[PDB]
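In what follows, a structure is listed as structure tokens, so that the remarks can point back to it.
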2 protein chains.
Amino acid sequence: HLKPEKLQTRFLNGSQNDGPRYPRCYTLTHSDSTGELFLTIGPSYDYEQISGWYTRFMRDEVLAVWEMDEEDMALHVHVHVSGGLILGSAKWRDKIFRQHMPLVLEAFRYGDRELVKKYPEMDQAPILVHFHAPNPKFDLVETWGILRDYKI
Amino acid sequence: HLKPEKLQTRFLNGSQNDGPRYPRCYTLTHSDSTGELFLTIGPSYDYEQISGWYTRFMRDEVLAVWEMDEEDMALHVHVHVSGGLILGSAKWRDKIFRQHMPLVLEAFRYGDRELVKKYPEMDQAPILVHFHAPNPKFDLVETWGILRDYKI
């Protein structure tokens, strides 16, 4: 489980804690030196946060995008299981991301909690997780419940 | 069934019929007037090919990218089943894309047949089709055999 006091939240221009609902993207990284999680909420992804040779080599970020559909919205989450010149085998990386996915989704719903309060319908929205890999074995899109399931 | 006289194959700067193997992307559009198919092969997508108002409304282009899994290869195909203001419901679009998918994969195999000659391991590559949609019901990634399935 998530430790709220270890979660820093930043907003990109065009996004605030009260909206808008769309466009709305999440960028999530961490530091194993401090154990803290860093969440940016914005119209798109946080390119400062995912910059530098380190994150390009570890590719440990979690990105997410709220997508409009006919039944309100859905959250599309993305993690880089394999591909390119990165640390770790596809099978390790897949195992660690799956391990930490409940923590990831808890950070999204704690971090953006004011918006859930304002629009309780997002808290029923489905969560779709795409484990990206070149290999069909690991390239999987999965439903991981809804947002209220990750209430802390 | 693919009718090769109805297929035009085109190369962007940086690609030829004999390579390079990577990066290599396919952009497939059609003329409803004549039933002709337009395939472009290059280092990336032919963005001008897919830029017309007709494509913006029908979103019936097919995009594909060859992806590296260390030394192994896999063809990742992309179709827009749902999302945005477009012609047709998800259910209807999904059905037509799936009925025409063998034709599409046959155009890829015929259009790029000389590269497959040169690198026969390319016929054994898995084809992975992503039916894009915001909704879990239609947002599916599926293996559709191997390239060699779709020779004519």
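Ligands are numbered from 1 in the order shown, chains are lettered A, B, ... in the order of the structure tokens, and residues start at 1 in each chain.
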
message: DSSP on the backbone: which residues in region 98-147 of chain A end up as strand (DSSP E)? Give the answer as a PyMOL selection string.
response: chain A and resi 126-132+140-146

Convert the current residue selection to file output with C-alpha atoms, as a PDB file, in the first residue's frame.
```
ATOM      1  CA  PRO A 126     -12.692   1.039 -15.908  1.00  0.00           C
ATOM      2  CA  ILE A 127      -8.904   0.843 -15.677  1.00  0.00           C
ATOM      3  CA  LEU A 128      -7.152  -0.687 -18.695  1.00  0.00           C
ATOM      4  CA  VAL A 129      -3.469  -1.629 -18.289  1.00  0.00           C
ATOM      5  CA  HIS A 130      -1.294  -2.173 -21.368  1.00  0.00           C
ATOM      6  CA  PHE A 131       1.936  -4.108 -20.667  1.00  0.00           C
ATOM      7  CA  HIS A 132       3.945  -3.027 -23.720  1.00  0.00           C
ATOM      8  CA  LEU A 140      -1.109  -7.653 -22.965  1.00  0.00           C
ATOM      9  CA  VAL A 141      -4.039  -5.317 -22.353  1.00  0.00           C
ATOM     10  CA  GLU A 142      -5.901  -6.089 -19.125  1.00  0.00           C
ATOM     11  CA  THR A 143      -8.801  -4.763 -17.120  1.00  0.00           C
ATOM     12  CA  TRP A 144      -7.717  -4.037 -13.555  1.00  0.00           C
ATOM     13  CA  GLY A 145     -11.096  -3.110 -12.092  1.00  0.00           C
ATOM     14  CA  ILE A 146     -12.315   0.431 -11.514  1.00  0.00           C
TER      15      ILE A 146
END
```

Using only C-alpha atoms, tabulate the residues of chain A lying at most 6 Å from any atom of chain B, each with its closest atom pair and that distance in Å to one decimal, by chain and increasing residue number, as JSON lines.
```
{"residue": "A:67", "atom": "CA", "partner": "B:134", "partner_atom": "CA", "distance": 5.9}
{"residue": "A:69", "atom": "CA", "partner": "B:134", "partner_atom": "CA", "distance": 5.6}
{"residue": "A:134", "atom": "CA", "partner": "B:69", "partner_atom": "CA", "distance": 5.5}
```

query: region 47-50 of chain A: which residues within 8 Å, counting only C-alpha atoms, same-chain residues fewer than 5 positions away excluded, as a count of residues only?
result: 5

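The interatomic distance for the pair CA of residue 97 (chain A) and CA of residue 45 (chain A) works out to 19.2 Å.
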
Atom-to-atom span, CA of residue 13 (chain B) and CA of residue 28 (chain B), Å: 16.9 Å

Chain A onto chain B, all Cα, least squares, as a CSV table (one decimal) with N, CA and C atoms, in the first residue's frame:
```
chain,number,residue,atom,x,y,z
A,1,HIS,N,-9.7,-12.6,-50.8
A,1,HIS,CA,-8.3,-12.4,-51.2
A,1,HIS,C,-7.8,-11.2,-52.0
A,2,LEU,N,-6.5,-11.0,-51.9
A,2,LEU,CA,-5.9,-9.8,-52.5
A,2,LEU,C,-5.8,-10.0,-54.0
A,3,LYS,N,-6.0,-8.9,-54.7
A,3,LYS,CA,-5.7,-8.9,-56.1
A,3,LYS,C,-4.5,-8.1,-56.4
A,4,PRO,N,-3.3,-8.8,-56.6
A,4,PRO,CA,-2.1,-8.1,-56.7
A,4,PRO,C,-2.1,-6.9,-57.6
A,5,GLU,N,-2.8,-6.9,-58.8
A,5,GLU,CA,-2.8,-5.9,-59.7
A,5,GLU,C,-3.6,-4.6,-59.2
A,6,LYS,N,-4.3,-4.8,-58.1
A,6,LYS,CA,-4.9,-3.6,-57.5
A,6,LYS,C,-4.1,-3.0,-56.3
A,7,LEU,N,-2.9,-3.4,-56.2
A,7,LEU,CA,-2.1,-2.9,-55.1
A,7,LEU,C,-0.9,-2.0,-55.6
A,8,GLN,N,-1.0,-0.8,-55.1
A,8,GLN,CA,0.1,0.2,-55.4
A,8,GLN,C,1.0,0.3,-54.2
A,9,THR,N,2.3,0.3,-54.5
A,9,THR,CA,3.3,0.3,-53.4
A,9,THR,C,4.2,1.6,-53.6
A,10,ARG,N,4.4,2.3,-52.5
A,10,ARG,CA,5.2,3.5,-52.4
A,10,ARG,C,6.2,3.3,-51.3
A,11,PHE,N,7.4,3.9,-51.4
A,11,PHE,CA,8.4,3.8,-50.4
A,11,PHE,C,8.8,5.2,-49.9
A,12,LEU,N,8.8,5.4,-48.6
A,12,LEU,CA,9.3,6.6,-48.0
A,12,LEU,C,10.9,6.6,-48.0
A,13,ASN,N,11.5,7.8,-48.2
A,13,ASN,CA,12.9,7.9,-48.1
A,13,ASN,C,13.4,7.2,-46.9
A,14,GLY,N,14.5,6.5,-47.0
A,14,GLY,CA,15.1,5.7,-45.9
A,14,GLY,C,14.6,4.2,-46.0
A,15,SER,N,13.7,3.8,-46.8
A,15,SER,CA,13.2,2.5,-47.0
A,15,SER,C,13.3,2.1,-48.5
A,16,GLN,N,13.7,0.9,-48.8
A,16,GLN,CA,13.7,0.4,-50.1
A,16,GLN,C,13.1,-1.0,-50.1
A,17,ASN,N,12.9,-1.6,-51.3
A,17,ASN,CA,12.3,-2.9,-51.3
A,17,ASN,C,13.3,-4.0,-50.7
A,18,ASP,N,14.5,-3.6,-50.5
A,18,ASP,CA,15.5,-4.6,-50.0
A,18,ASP,C,16.0,-4.2,-48.6
A,19,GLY,N,15.3,-3.2,-47.9
A,19,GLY,CA,15.7,-3.0,-46.6
A,19,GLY,C,15.6,-1.5,-46.2
A,20,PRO,N,16.1,-1.1,-45.0
A,20,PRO,CA,16.6,-2.0,-44.0
A,20,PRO,C,15.5,-2.7,-43.2
A,21,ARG,N,15.7,-3.7,-42.4
A,21,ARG,CA,14.7,-4.4,-41.7
A,21,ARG,C,14.0,-3.5,-40.7
A,22,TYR,N,14.8,-2.6,-40.1
A,22,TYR,CA,14.4,-1.7,-39.0
A,22,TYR,C,15.1,-0.3,-39.1
A,23,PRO,N,14.3,0.8,-38.9
A,23,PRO,CA,12.9,0.8,-38.7
A,23,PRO,C,12.1,0.5,-40.0
A,24,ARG,N,10.9,0.0,-39.9
A,24,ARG,CA,10.1,-0.3,-41.0
A,24,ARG,C,8.6,-0.3,-40.7
A,25,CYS,N,7.9,0.6,-41.3
A,25,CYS,CA,6.4,0.8,-41.0
A,25,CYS,C,5.6,0.7,-42.3
A,26,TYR,N,4.4,0.3,-42.1
A,26,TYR,CA,3.4,0.2,-43.2
A,26,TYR,C,2.3,1.1,-43.0
A,27,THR,N,1.8,1.7,-44.1
A,27,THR,CA,0.6,2.5,-44.1
A,27,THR,C,-0.3,2.0,-45.2
A,28,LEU,N,-1.5,1.6,-44.9
A,28,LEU,CA,-2.4,1.0,-45.9
A,28,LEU,C,-3.7,1.7,-45.9
A,29,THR,N,-4.1,2.2,-47.0
A,29,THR,CA,-5.4,2.8,-47.3
A,29,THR,C,-6.0,2.2,-48.5
A,30,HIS,N,-7.2,2.6,-48.9
A,30,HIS,CA,-7.9,2.1,-50.1
A,30,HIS,C,-8.8,3.2,-50.7
A,31,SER,N,-9.3,2.9,-51.9
A,31,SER,CA,-10.3,3.8,-52.5
A,31,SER,C,-11.5,2.9,-53.0
A,32,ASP,N,-12.7,3.2,-52.4
A,32,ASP,CA,-13.9,2.5,-52.9
A,32,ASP,C,-14.4,3.1,-54.2
A,33,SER,N,-13.7,4.1,-54.8
A,33,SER,CA,-14.0,4.5,-56.1
A,33,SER,C,-13.4,3.6,-57.2
A,34,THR,N,-12.1,3.2,-56.9
A,34,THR,CA,-11.4,2.3,-57.8
A,34,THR,C,-11.1,0.9,-57.2
A,35,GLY,N,-11.4,0.7,-55.9
A,35,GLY,CA,-11.1,-0.6,-55.4
A,35,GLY,C,-9.6,-0.9,-55.1
A,36,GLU,N,-8.7,0.1,-55.4
A,36,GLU,CA,-7.3,-0.1,-55.2
A,36,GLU,C,-6.9,0.0,-53.8
A,37,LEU,N,-5.8,-0.7,-53.4
A,37,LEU,CA,-5.2,-0.6,-52.1
A,37,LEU,C,-3.9,0.2,-52.3
A,38,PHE,N,-3.6,1.1,-51.3
A,38,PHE,CA,-2.3,1.9,-51.3
A,38,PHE,C,-1.5,1.5,-50.1
A,39,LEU,N,-0.3,1.0,-50.4
A,39,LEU,CA,0.7,0.6,-49.3
A,39,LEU,C,1.9,1.5,-49.4
A,40,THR,N,2.2,2.2,-48.3
A,40,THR,CA,3.5,2.8,-48.2
A,40,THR,C,4.4,2.1,-47.2
A,41,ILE,N,5.6,1.8,-47.5
A,41,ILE,CA,6.6,1.2,-46.7
A,41,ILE,C,7.7,2.3,-46.4
A,42,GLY,N,7.9,2.6,-45.1
A,42,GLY,CA,8.9,3.6,-44.7
A,42,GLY,C,9.4,3.4,-43.3
A,43,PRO,N,10.4,4.3,-43.0
A,43,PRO,CA,10.8,4.3,-41.6
A,43,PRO,C,9.7,4.6,-40.6
A,44,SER,N,8.8,5.4,-41.0
A,44,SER,CA,7.6,5.7,-40.2
A,44,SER,C,6.4,5.7,-41.1
A,45,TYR,N,5.2,6.2,-40.6
A,45,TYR,CA,4.0,6.2,-41.3
A,45,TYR,C,3.9,7.3,-42.4
A,46,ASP,N,3.0,7.1,-43.3
A,46,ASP,CA,2.9,8.0,-44.5
A,46,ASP,C,1.9,9.1,-44.1
A,47,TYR,N,2.3,10.3,-43.8
A,47,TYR,CA,1.4,11.3,-43.3
A,47,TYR,C,0.7,12.0,-44.4
A,48,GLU,N,1.1,11.9,-45.7
A,48,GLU,CA,0.3,12.4,-46.8
A,48,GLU,C,-0.9,11.5,-47.0
A,49,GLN,N,-0.7,10.2,-46.8
A,49,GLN,CA,-1.7,9.2,-47.1
A,49,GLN,C,-2.9,9.3,-46.1
A,50,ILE,N,-2.6,9.6,-44.8
A,50,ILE,CA,-3.6,9.7,-43.8
A,50,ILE,C,-3.9,11.1,-43.4
A,51,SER,N,-3.8,12.0,-44.4
A,51,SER,CA,-4.1,13.4,-44.2
A,51,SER,C,-5.5,13.7,-44.7
A,52,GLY,N,-6.0,14.9,-44.3
A,52,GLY,CA,-7.3,15.3,-44.8
A,52,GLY,C,-8.4,14.9,-43.9
A,53,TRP,N,-9.5,15.7,-43.9
A,53,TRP,CA,-10.7,15.5,-43.1
A,53,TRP,C,-11.3,14.1,-43.3
A,54,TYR,N,-11.2,13.6,-44.6
A,54,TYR,CA,-11.9,12.3,-44.9
A,54,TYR,C,-11.3,11.2,-44.0
A,55,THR,N,-10.0,10.9,-44.2
A,55,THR,CA,-9.4,9.8,-43.4
A,55,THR,C,-9.5,10.1,-41.9
A,56,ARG,N,-9.5,11.4,-41.5
A,56,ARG,CA,-9.7,11.6,-40.1
A,56,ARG,C,-11.1,11.3,-39.6
A,57,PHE,N,-12.0,11.4,-40.6
A,57,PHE,CA,-13.4,11.1,-40.2
A,57,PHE,C,-13.7,9.6,-40.4
A,58,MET,N,-13.2,9.0,-41.4
A,58,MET,CA,-13.4,7.5,-41.6
A,58,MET,C,-12.4,6.7,-40.7
A,59,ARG,N,-11.2,7.1,-40.5
A,59,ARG,CA,-10.2,6.4,-39.8
A,59,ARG,C,-10.1,4.9,-40.3
A,60,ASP,N,-10.1,4.7,-41.6
A,60,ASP,CA,-10.0,3.4,-42.2
A,60,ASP,C,-8.6,2.9,-42.5
A,61,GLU,N,-7.6,3.6,-42.1
A,61,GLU,CA,-6.2,3.2,-42.4
A,61,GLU,C,-5.8,2.0,-41.6
A,62,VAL,N,-4.8,1.3,-42.1
A,62,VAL,CA,-4.2,0.3,-41.2
A,62,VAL,C,-2.7,0.6,-41.2
A,63,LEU,N,-2.2,0.8,-40.0
A,63,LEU,CA,-0.8,1.1,-39.7
A,63,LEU,C,-0.1,-0.1,-39.1
A,64,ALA,N,1.1,-0.3,-39.4
A,64,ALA,CA,1.9,-1.4,-38.8
A,64,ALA,C,3.3,-1.0,-38.6
A,65,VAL,N,3.9,-1.6,-37.6
A,65,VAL,CA,5.3,-1.3,-37.2
A,65,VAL,C,6.0,-2.6,-36.9
A,66,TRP,N,7.2,-2.8,-37.5
A,66,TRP,CA,8.0,-3.9,-37.2
A,66,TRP,C,8.8,-3.6,-35.9
A,67,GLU,N,8.7,-4.4,-34.9
A,67,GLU,CA,9.3,-4.2,-33.6
A,67,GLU,C,10.4,-5.2,-33.4
A,68,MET,N,11.6,-4.8,-33.0
A,68,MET,CA,12.6,-5.7,-32.6
A,68,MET,C,12.3,-6.4,-31.2
A,69,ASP,N,12.5,-7.7,-31.1
A,69,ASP,CA,12.4,-8.3,-29.9
A,69,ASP,C,13.6,-9.3,-29.7
A,70,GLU,N,13.6,-10.1,-28.7
A,70,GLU,CA,14.8,-10.9,-28.5
A,70,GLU,C,14.8,-12.1,-29.5
A,71,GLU,N,13.7,-12.5,-30.0
A,71,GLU,CA,13.6,-13.5,-31.1
A,71,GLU,C,13.3,-12.8,-32.4
A,72,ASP,N,14.3,-12.1,-32.9
A,72,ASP,CA,14.2,-11.4,-34.2
A,72,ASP,C,13.2,-10.2,-34.2
A,73,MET,N,12.1,-10.3,-34.8
A,73,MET,CA,11.1,-9.2,-34.9
A,73,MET,C,9.7,-9.7,-34.8
A,74,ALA,N,8.8,-8.7,-34.6
A,74,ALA,CA,7.4,-9.0,-34.6
A,74,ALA,C,6.6,-7.8,-35.3
A,75,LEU,N,5.5,-8.1,-36.0
A,75,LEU,CA,4.8,-7.1,-36.7
A,75,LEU,C,3.6,-6.7,-35.8
A,76,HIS,N,3.5,-5.4,-35.4
A,76,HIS,CA,2.5,-4.8,-34.6
A,76,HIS,C,1.5,-4.1,-35.5
A,77,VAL,N,0.3,-4.5,-35.7
A,77,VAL,CA,-0.7,-4.0,-36.6
A,77,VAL,C,-1.7,-3.2,-35.8
A,78,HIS,N,-2.1,-2.0,-36.3
A,78,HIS,CA,-3.0,-1.2,-35.5
A,78,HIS,C,-4.2,-0.7,-36.4
A,79,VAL,N,-5.4,-0.9,-35.8
A,79,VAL,CA,-6.6,-0.3,-36.4
A,79,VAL,C,-7.5,0.4,-35.4
A,80,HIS,N,-8.2,1.4,-35.8
A,80,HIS,CA,-8.9,2.3,-35.0
A,80,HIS,C,-10.4,1.9,-34.9
A,81,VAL,N,-10.7,1.1,-34.0
A,81,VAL,CA,-12.1,0.6,-33.9
A,81,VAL,C,-13.0,1.7,-33.4
A,82,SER,N,-12.6,2.4,-32.4
A,82,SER,CA,-13.5,3.4,-31.8
A,82,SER,C,-12.7,4.6,-31.2
A,83,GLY,N,-13.3,5.7,-31.1
A,83,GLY,CA,-12.7,6.9,-30.4
A,83,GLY,C,-12.7,8.1,-31.3
A,84,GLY,N,-13.2,9.2,-30.7
A,84,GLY,CA,-13.3,10.5,-31.4
A,84,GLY,C,-14.5,10.5,-32.3
A,85,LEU,N,-14.5,11.5,-33.1
A,85,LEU,CA,-15.7,11.9,-33.9
A,85,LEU,C,-15.5,11.3,-35.3
A,86,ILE,N,-16.0,10.1,-35.5
A,86,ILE,CA,-15.7,9.2,-36.7
A,86,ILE,C,-17.0,8.6,-37.1
A,87,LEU,N,-17.0,8.0,-38.3
A,87,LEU,CA,-18.2,7.4,-38.9
A,87,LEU,C,-18.3,5.9,-38.5
A,88,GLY,N,-19.4,5.5,-37.9
A,88,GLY,CA,-19.7,4.1,-37.6
A,88,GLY,C,-19.6,3.8,-36.1
A,89,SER,N,-20.3,2.9,-35.7
A,89,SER,CA,-20.3,2.5,-34.3
A,89,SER,C,-19.1,1.6,-34.0
A,90,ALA,N,-18.6,1.6,-32.8
A,90,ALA,CA,-17.5,0.6,-32.4
A,90,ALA,C,-17.8,-0.8,-32.9
A,91,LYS,N,-19.1,-1.2,-32.8
A,91,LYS,CA,-19.4,-2.6,-33.2
A,91,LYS,C,-19.3,-2.9,-34.7
A,92,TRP,N,-20.0,-2.0,-35.5
A,92,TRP,CA,-19.7,-2.1,-36.9
A,92,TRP,C,-18.2,-2.0,-37.2
A,93,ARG,N,-17.5,-1.0,-36.8
A,93,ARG,CA,-16.1,-0.8,-37.3
A,93,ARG,C,-15.3,-2.0,-36.9
A,94,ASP,N,-15.5,-2.6,-35.7
A,94,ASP,CA,-14.8,-3.8,-35.3
A,94,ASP,C,-15.1,-5.0,-36.2
A,95,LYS,N,-16.4,-5.1,-36.7
A,95,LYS,CA,-16.7,-6.2,-37.5
A,95,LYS,C,-16.1,-6.1,-38.9
A,96,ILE,N,-16.1,-4.9,-39.5
A,96,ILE,CA,-15.5,-4.7,-40.8
A,96,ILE,C,-14.0,-4.9,-40.8
A,97,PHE,N,-13.3,-4.3,-39.8
A,97,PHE,CA,-11.9,-4.5,-39.7
A,97,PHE,C,-11.5,-6.0,-39.6
A,98,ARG,N,-12.3,-6.8,-38.8
A,98,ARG,CA,-12.0,-8.2,-38.7
A,98,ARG,C,-12.2,-8.9,-40.0
A,99,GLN,N,-13.4,-8.8,-40.6
A,99,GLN,CA,-13.6,-9.2,-42.0
A,99,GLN,C,-12.4,-8.9,-42.9
A,100,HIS,N,-11.8,-7.8,-42.9
A,100,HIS,CA,-10.8,-7.5,-43.9
A,100,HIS,C,-9.4,-7.7,-43.5
A,101,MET,N,-9.2,-8.1,-42.2
A,101,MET,CA,-7.8,-8.3,-41.8
A,101,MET,C,-7.0,-9.3,-42.6
A,102,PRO,N,-7.6,-10.5,-43.0
A,102,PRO,CA,-6.8,-11.4,-43.9
A,102,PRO,C,-6.3,-10.7,-45.2
A,103,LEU,N,-7.2,-9.9,-45.7
A,103,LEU,CA,-6.8,-9.1,-46.9
A,103,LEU,C,-5.7,-8.1,-46.6
A,104,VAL,N,-5.8,-7.4,-45.4
A,104,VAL,CA,-4.7,-6.5,-45.0
A,104,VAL,C,-3.4,-7.2,-44.9
A,105,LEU,N,-3.4,-8.4,-44.2
A,105,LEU,CA,-2.1,-9.0,-44.0
A,105,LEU,C,-1.5,-9.6,-45.3
A,106,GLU,N,-2.4,-10.0,-46.2
A,106,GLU,CA,-1.9,-10.5,-47.5
A,106,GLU,C,-1.3,-9.3,-48.3
A,107,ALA,N,-1.8,-8.1,-48.1
A,107,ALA,CA,-1.2,-7.0,-48.8
A,107,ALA,C,0.2,-6.7,-48.3
A,108,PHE,N,0.4,-6.7,-47.0
A,108,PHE,CA,1.7,-6.5,-46.4
A,108,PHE,C,2.7,-7.5,-47.0
A,109,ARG,N,2.3,-8.8,-47.0
A,109,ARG,CA,3.3,-9.8,-47.4
A,109,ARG,C,3.5,-9.9,-48.9
A,110,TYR,N,2.5,-9.6,-49.7
A,110,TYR,CA,2.8,-9.4,-51.2
A,110,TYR,C,3.6,-8.1,-51.3
A,111,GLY,N,3.1,-7.0,-50.7
A,111,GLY,CA,3.8,-5.7,-51.0
A,111,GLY,C,5.3,-5.7,-50.6
A,112,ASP,N,5.7,-6.4,-49.6
A,112,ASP,CA,7.0,-6.3,-49.1
A,112,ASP,C,7.8,-7.6,-49.4
A,113,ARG,N,7.4,-8.3,-50.5
A,113,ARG,CA,7.8,-9.7,-50.7
A,113,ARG,C,9.3,-9.8,-51.0
A,114,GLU,N,9.9,-8.8,-51.6
A,114,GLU,CA,11.3,-8.9,-51.8
A,114,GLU,C,12.1,-9.0,-50.5
A,115,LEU,N,11.6,-8.3,-49.5
A,115,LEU,CA,12.3,-8.3,-48.2
A,115,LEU,C,12.2,-9.7,-47.5
A,116,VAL,N,11.0,-10.3,-47.7
A,116,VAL,CA,10.8,-11.7,-47.2
A,116,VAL,C,11.7,-12.6,-47.9
A,117,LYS,N,11.9,-12.5,-49.2
A,117,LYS,CA,12.8,-13.3,-50.0
A,117,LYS,C,14.2,-13.1,-49.4
A,118,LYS,N,14.6,-11.9,-49.1
A,118,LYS,CA,16.0,-11.6,-48.6
A,118,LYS,C,16.2,-12.1,-47.2
A,119,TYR,N,15.2,-12.0,-46.4
A,119,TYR,CA,15.3,-12.4,-45.0
A,119,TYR,C,14.1,-13.3,-44.7
A,120,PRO,N,14.2,-14.6,-45.0
A,120,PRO,CA,13.1,-15.5,-44.8
A,120,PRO,C,12.7,-15.7,-43.3
A,121,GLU,N,13.5,-15.2,-42.4
A,121,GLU,CA,13.1,-15.3,-41.0
A,121,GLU,C,12.0,-14.3,-40.7
A,122,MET,N,11.8,-13.2,-41.4
A,122,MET,CA,10.6,-12.4,-41.2
A,122,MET,C,9.4,-13.2,-41.5
A,123,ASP,N,9.5,-14.3,-42.2
A,123,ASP,CA,8.2,-14.8,-42.7
A,123,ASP,C,7.6,-15.7,-41.7
A,124,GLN,N,8.4,-16.0,-40.6
A,124,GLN,CA,8.1,-16.7,-39.4
A,124,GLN,C,7.7,-15.8,-38.3
A,125,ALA,N,7.8,-14.5,-38.5
A,125,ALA,CA,7.5,-13.6,-37.4
A,125,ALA,C,6.1,-13.5,-37.0
A,126,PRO,N,5.8,-13.4,-35.7
A,126,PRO,CA,4.4,-13.3,-35.3
A,126,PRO,C,3.8,-12.0,-35.7
A,127,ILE,N,2.5,-12.0,-35.9
A,127,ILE,CA,1.7,-10.8,-36.2
A,127,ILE,C,0.8,-10.5,-35.0
A,128,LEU,N,0.9,-9.4,-34.5
A,128,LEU,CA,0.1,-8.9,-33.4
A,128,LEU,C,-0.8,-7.8,-33.9
A,129,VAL,N,-2.1,-8.0,-33.7
A,129,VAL,CA,-3.1,-7.0,-34.1
A,129,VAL,C,-3.7,-6.3,-32.9
A,130,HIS,N,-3.6,-5.0,-32.8
A,130,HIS,CA,-4.3,-4.2,-31.7
A,130,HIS,C,-5.5,-3.5,-32.3
A,131,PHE,N,-6.7,-3.9,-31.9
A,131,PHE,CA,-8.0,-3.2,-32.2
A,131,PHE,C,-8.1,-2.1,-31.1
A,132,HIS,N,-7.8,-0.9,-31.5
A,132,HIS,CA,-7.8,0.2,-30.6
A,132,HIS,C,-9.3,0.7,-30.3
A,133,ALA,N,-9.6,0.9,-29.0
A,133,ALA,CA,-10.9,1.5,-28.6
A,133,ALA,C,-10.8,1.9,-27.2
A,134,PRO,N,-11.6,2.9,-26.8
A,134,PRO,CA,-11.6,3.3,-25.4
A,134,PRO,C,-12.2,2.3,-24.5
A,135,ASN,N,-13.2,1.5,-25.0
A,135,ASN,CA,-13.9,0.5,-24.3
A,135,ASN,C,-13.1,-0.8,-24.1
A,136,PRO,N,-12.9,-1.3,-22.9
A,136,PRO,CA,-12.3,-2.6,-22.7
A,136,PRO,C,-12.9,-3.7,-23.6
A,137,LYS,N,-14.2,-3.6,-23.9
A,137,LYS,CA,-14.8,-4.7,-24.7
A,137,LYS,C,-14.2,-4.8,-26.1
A,138,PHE,N,-13.8,-3.7,-26.7
A,138,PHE,CA,-13.2,-3.7,-28.0
A,138,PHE,C,-11.7,-3.5,-28.1
A,139,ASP,N,-11.1,-3.0,-27.0
A,139,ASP,CA,-9.6,-2.8,-27.0
A,139,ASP,C,-8.8,-4.1,-26.8
A,140,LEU,N,-8.5,-4.8,-27.9
A,140,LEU,CA,-8.0,-6.1,-27.8
A,140,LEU,C,-6.7,-6.2,-28.6
A,141,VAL,N,-5.7,-7.0,-28.1
A,141,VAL,CA,-4.5,-7.3,-28.8
A,141,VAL,C,-4.5,-8.8,-29.0
A,142,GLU,N,-4.3,-9.2,-30.3
A,142,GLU,CA,-4.5,-10.6,-30.7
A,142,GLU,C,-3.4,-11.0,-31.6
A,143,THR,N,-3.0,-12.3,-31.5
A,143,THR,CA,-2.1,-12.9,-32.4
A,143,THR,C,-2.9,-13.5,-33.6
A,144,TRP,N,-2.4,-13.1,-34.8
A,144,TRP,CA,-3.1,-13.5,-36.0
A,144,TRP,C,-2.1,-14.3,-36.8
A,145,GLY,N,-1.4,-15.2,-36.2
A,145,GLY,CA,-0.5,-16.1,-36.9
A,145,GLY,C,0.9,-15.5,-37.2
A,146,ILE,N,1.5,-16.0,-38.3
A,146,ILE,CA,2.7,-15.5,-38.8
A,146,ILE,C,2.5,-15.0,-40.2
A,147,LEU,N,3.6,-14.4,-40.8
A,147,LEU,CA,3.5,-13.8,-42.2
A,147,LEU,C,3.3,-14.8,-43.3
A,148,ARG,N,4.1,-15.9,-43.3
A,148,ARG,CA,3.8,-17.0,-44.3
A,148,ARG,C,2.4,-17.5,-44.3
A,149,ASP,N,1.6,-17.4,-43.3
A,149,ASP,CA,0.2,-17.7,-43.3
A,149,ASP,C,-0.6,-16.9,-44.3
A,150,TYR,N,-0.1,-15.8,-44.8
A,150,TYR,CA,-0.9,-14.9,-45.7
A,150,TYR,C,-0.2,-14.9,-47.1
A,151,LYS,N,0.5,-15.9,-47.4
A,151,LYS,CA,1.1,-16.1,-48.7
A,151,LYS,C,-0.1,-16.4,-49.7
A,152,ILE,N,0.0,-15.7,-50.9
A,152,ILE,CA,-1.1,-15.8,-51.8
A,152,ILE,C,-0.8,-16.8,-53.0
```

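Taking only region 81-120 of chain A, the residues that DSSP calls helix (DSSP H, G or I) from the backbone come to residues 90, 91, 92, 93, 94, 95, 96, 97, 98, 99, 100, 101, 102, 103, 104, 105, 106, 107, 108, 109, 110, 111, 113, 114, 115, 116, 117, 118 and 120 of chain A.
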
Mind dumping the selected residues with C-alpha atoms as a short mmCIF file (atom, residue, chain, number, x, y, z; two decimals), in the first residue's frame?
```cif
data_model
loop_
_atom_site.label_atom_id
_atom_site.label_comp_id
_atom_site.auth_asym_id
_atom_site.auth_seq_id
_atom_site.Cartn_x
_atom_site.Cartn_y
_atom_site.Cartn_z
CA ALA A 90 11.08 -8.87 -20.22
CA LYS A 91 10.16 -11.53 -17.61
CA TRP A 92 11.59 -9.66 -14.61
CA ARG A 93 10.25 -6.31 -15.71
CA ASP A 94 6.80 -7.84 -16.23
CA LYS A 95 6.87 -9.38 -12.74
CA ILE A 96 7.90 -6.17 -10.98
CA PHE A 97 5.36 -3.97 -12.76
CA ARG A 98 2.58 -6.45 -11.90
CA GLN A 99 3.70 -6.51 -8.25
CA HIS A 100 3.56 -2.74 -8.01
CA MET A 101 0.43 -2.06 -10.12
CA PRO A 102 -1.93 -1.86 -7.08
CA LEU A 103 0.42 0.72 -5.58
CA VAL A 104 0.46 2.60 -8.91
CA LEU A 105 -3.34 2.75 -9.15
CA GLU A 106 -3.64 3.78 -5.50
CA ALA A 107 -1.34 6.72 -6.20
CA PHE A 108 -3.51 7.86 -9.12
CA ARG A 109 -6.68 7.85 -7.04
CA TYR A 110 -5.12 9.43 -3.95
CA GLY A 111 -3.26 11.94 -6.09
CA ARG A 113 -8.76 12.66 -5.29
CA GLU A 114 -10.32 16.13 -5.45
CA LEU A 115 -11.40 15.44 -9.03
CA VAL A 116 -12.98 12.13 -7.98
CA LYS A 117 -14.85 14.07 -5.28
CA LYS A 118 -16.04 16.57 -7.90
CA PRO A 120 -17.82 10.68 -8.65
#
```
